[PDB]
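Chemist: Handing you this structure, nothing more for now.
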Amino acid sequence: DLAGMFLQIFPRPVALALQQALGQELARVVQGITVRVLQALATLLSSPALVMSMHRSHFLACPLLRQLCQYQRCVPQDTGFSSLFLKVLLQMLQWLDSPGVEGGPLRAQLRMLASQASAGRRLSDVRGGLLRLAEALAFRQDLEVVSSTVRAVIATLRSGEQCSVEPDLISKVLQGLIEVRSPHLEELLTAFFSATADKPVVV
Amino acid sequence: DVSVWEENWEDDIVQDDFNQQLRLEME
Amino acid sequence: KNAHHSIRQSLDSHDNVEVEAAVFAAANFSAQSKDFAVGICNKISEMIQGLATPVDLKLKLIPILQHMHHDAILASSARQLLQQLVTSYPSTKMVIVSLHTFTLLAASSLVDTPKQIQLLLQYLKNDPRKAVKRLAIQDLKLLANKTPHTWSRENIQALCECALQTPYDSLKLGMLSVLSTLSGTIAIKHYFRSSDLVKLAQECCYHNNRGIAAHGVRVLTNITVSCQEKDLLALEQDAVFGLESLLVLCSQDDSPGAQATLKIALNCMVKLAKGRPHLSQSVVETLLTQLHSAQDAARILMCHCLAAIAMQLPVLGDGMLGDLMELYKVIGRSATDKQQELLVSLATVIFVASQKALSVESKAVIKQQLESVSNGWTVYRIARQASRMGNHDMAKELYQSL
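If you're matching them up, the sequences are chains a, r and g in order. Numbering-wise, the first sequence is residues 1360 to 1370, 1373 to 1393, 1401 to 1416, 1420 to 1569, 1578 to 1582 according to the entry's author numbering. For the second sequence, the entry's author numbering gives the first residue as 33, with consecutive numbering after it. Numbering-wise, the third sequence is residues 137 to 328, 340 to 549 according to the entry's author numbering.
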């Protein structure tokens, strides 16, 4: 059984054996179980916590997450796995977001995994994303939400077609971003001015 | 750059004349 | 003096070829002379401040200032000029050139190195351009390689904060390389527990990118080996397990970058074992577990690392010898080209592990060699290692056969 040993160890060598099996399967995939393991741990996580016990043993938990992410990025065409991956990451982060857990390296690992997975998909609309970004800047905080929105807008501009611009609104959004000095500013400007002829000089 | 083992003998970037002839002799 | 006046005259000419030649000659003479350096410093200040000079010539003119290290006041005036430059010419090329020149000037003239590091950190945290950030990384790398002791706790705090905040993988990789370079010197002692550096190193050691993980685990290795504080003894397990994760990640990637990261990880665990024997036992255990499933080049590097481990630390456990013999058996019919170096490294670890005499396992080794090798040079190197480690009977058999 898989869930049983997981819920027994934390509250040792078999985890290493699991890592070896994961690496060998990844080698077979690249040269040529992860779904089952992910489903089993998700079902265990649904039942009452495991994340608290994993936090004290984060040194052993984090390599499994890294192997799963390598498996996911190895086969981007394999849809569905990434959706379940992101869902599990968001659910376990939400269960771990209470302030009393003493968040640490596992928290940051989950946060970066969730952010990277969320950036992997497109956004619905450029204008809606810009309006939501402007609202977030009006709120002056939620820089994680701001980062997610700007990454989504950059991805949409990279993939999709240019939409309604409202150059006054674009200038206001860029002014707010310069006020907060977002790291994604250069990427955002490159995304905007590589397309969308609807005038950059004026902005 | 760094080296995994400092006292490793298999480092053959510098081959002396004796070892040069010895390698060529039987390869 | 007449040569200096000729250099000064041509610098304000109209023919661009003559102006470029004058710039080169000014560089050389300012490298040599001292009075010429301050004169040219004043002329360059009033020229860059002037509007006649084109942008490209301004770019060519700035690195002349890197030779103003002849005295303190001249260097300080050049520093004011460079500050003016970065304020009033914020485009990419000339801020690049100017702050690189400031880095070189500070490296030469040690008086202004702290404020230069502070300015570099400020440009790293604030400036949004990727190229300017990457130059800041390279300049901090140069300063860390050239003067780690001058770094303060505040600078390391700022660098760790910058590493945590930035989302880009390349910038994170570079600044963590700078931090790792700092960690392999006395900068850790000057820095000092759980702090920003420790949290950053723990977070990065589990990062997806191979290089970031390598530099993070190297930071953890250095911080563990350097000092014996209680929190370091608490976190030393984290370094070991992250090192194992990197090992299993790089054991089958088979790329030159993967080879470099694997070399870094193996050197790190060799140093850690030299520092922590009770950790070295588990290090040996995981090395043997991953030896069987690793690729040929990974196995060669793993065997080199294990040989270093065994050579420095005597009590390795003869239980190792069984796994090495089993691995040697299966590798006997693995390949033909890369099998040679793997064979000699495996024989080396066999001899180093066998602190006592050999047995019929030596018969198995020589039988495998005679059956599969058919090369001789590898036989010679295995016999040489046997004579090195004192297994002289094996050496006698191989030399007689050869």
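The beta-carbon is built from N, C-alpha and C at its ideal position, and this holds for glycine as well.
Using a Cβ-Cβ cut-off of less than 7 Å, give me the residues of the region 1459-1479 of chain a that come near chain g, in sequence order.
Modeler: Those would be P1476, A1479, in chain order.
Chemist: With burial defined as no fewer than 16 other Cβ atoms inside 10 Å of the residue's Cβ, what is the status of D248/g: buried or exposed?
Modeler: Classification of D248/g: buried, given that the 10 Å Cβ count is 16 or more.
Chemist: Beta-carbon of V46/r versus every beta-carbon of chain g: anything under 8 Å?
Modeler: No - not a single Cβ of chain g is within 8 Å of the one on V46/r.
Chemist: Between which two residues does the alpha helix (DSSP H) containing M230/g stretch?
Modeler: Counting along the chain, the alpha helix (DSSP H) containing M230/g begins and ends at 228-244.
Chemist: Does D305/g come out as helix, strand or coil in the three-state DSSP assignment?
Modeler: Of the three classes helix, strand and coil, the one that applies to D305/g here is helix, per DSSP.
Chemist: Go ahead and pull the three-state DSSP assignment for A1568/a.
Modeler: Here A1568/a sits in coil by DSSP.
Chemist: Could you tell me the distance, in whole angstroms, from the CA atom of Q532/g to the CA atom of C1445/a?
Modeler: Looking at the two C-alpha atoms, the distance is approximately 42 Å.
Chemist: Pick helix, strand or coil for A1420/a, following the three-state DSSP scheme.
Modeler: If DSSP states are grouped into helix, strand and coil, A1420/a belongs with coil.
Chemist: Using a C-beta cutoff of 8 Å, does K266/g count as contacting chain a?
Modeler: Cβ-Cβ to chain a under 8 Å: yes for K266/g.
Chemist: Return no unless some Cβ of chain a is closer than 8 Å to the Cβ of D470/g.
Modeler: So no, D470/g is outside the interface.
Chemist: May I ask you to report which of helix, strand or coil DSSP gives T433/g?
Modeler: Of the three classes helix, strand and coil, the one that applies to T433/g here is helix, per DSSP.
Chemist: Are there 16 or more other CB atoms within 10 angstroms of the CB of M204/g, so buried, or fewer, so exposed?
Modeler: The residue in question, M204/g, is buried, as its Cβ has 16 or more Cβ neighbours within 10 Å.
Chemist: Classify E1506/a as buried or exposed, calling it buried when 16 or more other Cβ atoms lie within 10 Å of its own Cβ.
Modeler: The residue is exposed, with fewer than 16 neighbouring Cβ atoms inside 10 Å.
Chemist: Report the rounded CA-to-CA distance for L1481/a versus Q1465/a, giving the unit in angstroms.
Modeler: Approximately 10 Å, taken between the alpha carbons.
Chemist: Compute the distance between the beta-carbons of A360/g and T371/g, then report whether it is under 8 Å.
Modeler: Contact: no.
Chemist: Whole angstroms are fine: how far does the CA of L1406/a sit from the CA of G1547/a?
Modeler: Distance between the alpha carbons of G1547/a and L1406/a is about 41 Å.
Chemist: Please classify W287/g: does DSSP put it in a helix, a strand, or coil?
Modeler: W287/g: coil per DSSP, three-state reduction.
Chemist: Mind reading off the beta-carbon distance from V153/g to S146/g? Whole number of angstroms is fine, and I expect it under 8 Å.
Modeler: That pair is no contact at about 10 Å.
Chemist: Rounding to the nearest angstrom, what Cα-Cα distance links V1459/a and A1410/a in this structure?
Modeler: The straight-line gap from Cα to Cα measures roughly 7 Å.
Chemist: Compile a chain-ordered list of the residues in the region 272-305 of chain g whose CB is closer than 8 Å to at least one CB of chain a.
Modeler: Those would be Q301, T302, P303, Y304, in chain order.
Chemist: Of all the CB atoms in chain g, is at least one closer than 8 Å to the CB of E1557/a?
Modeler: Yes, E1557/a lies at the interface with chain g (some Cβ there is under 8 Å from its Cβ).
Chemist: Answer yes if the region 421-440 of chain g comes into contact with the region 1422-1433 of chain a, meaning at least three C-beta pairs across the two stretches below 8 Å, and no otherwise.
Modeler: These segments do not touch.
Chemist: Under the rule that 16 or more other beta-carbon atoms within 10 Å means buried, what is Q202/g, buried or exposed?
Modeler: Answer is buried; the Cβ neighbour count reaches 16.
Chemist: With DSSP as the reference, label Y353/g as helix, strand or coil.
Modeler: Here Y353/g sits in coil by DSSP.
Chemist: Residues of the region 477-503 of chain g in Cβ contact with chain r at a cutoff of 9 Å, in chain order, please.
Modeler: So the list reads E488, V491, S492, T495, given in the order they occur along the chain.
Chemist: When you compare only the Cα positions, how much space is there between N262/g and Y304/g?
Modeler: Their Cα atoms are separated by approximately 15 Å.
Chemist: Taking the alpha-carbon of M58/r as reference, which of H539/g, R535/g, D540/g, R528/g has the nearest alpha-carbon?
Modeler: Out of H539/g, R535/g, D540/g, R528/g, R528/g has the C-alpha closest to the C-alpha of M58/r.
Chemist: Please determine, among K251/g, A272/g, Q252/g, the residue with the shortest C-alpha to C-alpha distance to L260/g.
Modeler: For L260/g, the nearest C-alpha among the options comes from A272/g.
Chemist: Output yes if chain a places a C-beta closer than 8 Å to the C-beta of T436/g; else output no.
Modeler: It does; some Cβ of chain a falls within 8 Å.
Chemist: Does the region 1449-1457 of chain a come close enough to the region 310-325 of chain g that 3 or more CB-CB pairs lie under 8 Å?
Modeler: Counting Cβ pairs under 8 Å, fewer than three are found: no touch.
Chemist: In chain g, what lies closer than 9 Å to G1384/a by C-beta?
Modeler: The answer, in chain order, is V395, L396, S398, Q399, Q437, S440.
Chemist: In three-state DSSP terms, what is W524/g?
Modeler: It is helical.
Chemist: Does the Cβ of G466/g have 16 or more other Cβ atoms within 10 Å, making it buried, or fewer, making it exposed?
Modeler: Classification for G466/g: exposed.
Chemist: Quick check: what's the CA-CA separation for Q375/g versus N369/g?
Modeler: Computed Cα separation, rounded: 11 Å.
Chemist: Spatial neighbours of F50/r within its chain, please: C-beta separation below 6 Å, excluding the five flanking residues on both sides.
Modeler: No residues qualify anywhere along the chain.
Chemist: If you drop the 5 nearest sequence neighbours on each side, which residues of the same chain put their C-beta closer than 7 Å to that of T1520/a?
Modeler: Contacts found: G1500, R1503, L1504, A1507.
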